[PDB]
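Participant: build me a model from this:
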Amino acid sequence: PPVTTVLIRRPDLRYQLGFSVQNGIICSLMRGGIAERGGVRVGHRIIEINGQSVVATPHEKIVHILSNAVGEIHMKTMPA
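Facilitator: Residues are numbered from 1 along each chain as shown. Please see the structure below:
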C-alpha cells in the first residue's frame, strides 16, 4: 500500500500549493511550493482529500478546495 499523505501548509489564500490536479492525477510540480513538503507526487493519483474522494471528482473541483484550502491540506494519493 504505497499511499502517500499530502500535508500541505497554507498560511493564506494567495499562496499557491505548487502543482496541478486533473480529476485524480497530478500534472506538474514546482520545486519550491509547500506541496513538496506535504506529499504531492506529480504522477500519483490523489483521492481522499480531507475526506473528499476526488478519485471520481472533476479537476476544477479539486483545484477549488486547494484554491480555498486555508491552513493545512491533508489528502491521500495512490500510484497512477
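
Participant: and the longest strand seen in the chain, how far out from the chain's middle?
Facilitator: For the chain, the strand with the greatest residue count under DSSP state E is strand 71-79. How far strand 71-79 lies from its chain's middle: 5 Å, per C-alpha atoms, centre = their mean, to the nearest Å.

Participant: helices or strands next to it in the packing?
Facilitator: strand 4-10, strand 44-46, strand 48-49 (3 or more C-beta pairs under 8 Å, 6 or more residues apart in numbering; DSSP states H and E). To be clear about C-beta, it is placed using only N, CA and C from the backbone, and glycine gets the same treatment.

Participant: what does the first one contact?
Facilitator: Put plainly, it is strand 4-10. Residues outside strand 4-10 that contact it (C-beta atoms under 8 Å, 6 or more residues apart in numbering) are 17, 34-35, 37-41, 44, 46, 66, 69-77.

Participant: tell me the helices and strands packed up against the helix ranked longest in the chain.
Facilitator: What stands out as the longest helix in the chain, according to DSSP state H, is helix 59-67. Secondary-structure packing of helix 59-67 (3+ C-beta pairs under 8 Å, 6+ apart): strand 19-22, strand 48-49.

Participant: how about a markdown table for those strands, with distance to residue 30 and mean neighbour count added?
Facilitator: Shown next, in a markdown table, are those (distance: least, C-beta to C-beta, whole Å; neighbours: other C-beta atoms under 10 Å):
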| stretch | distance to residue 30 | mean neighbour count |
| --- | --- | --- |
| strand 19-22 | 7 | 20 |
| strand 48-49 | 19 | 19 |
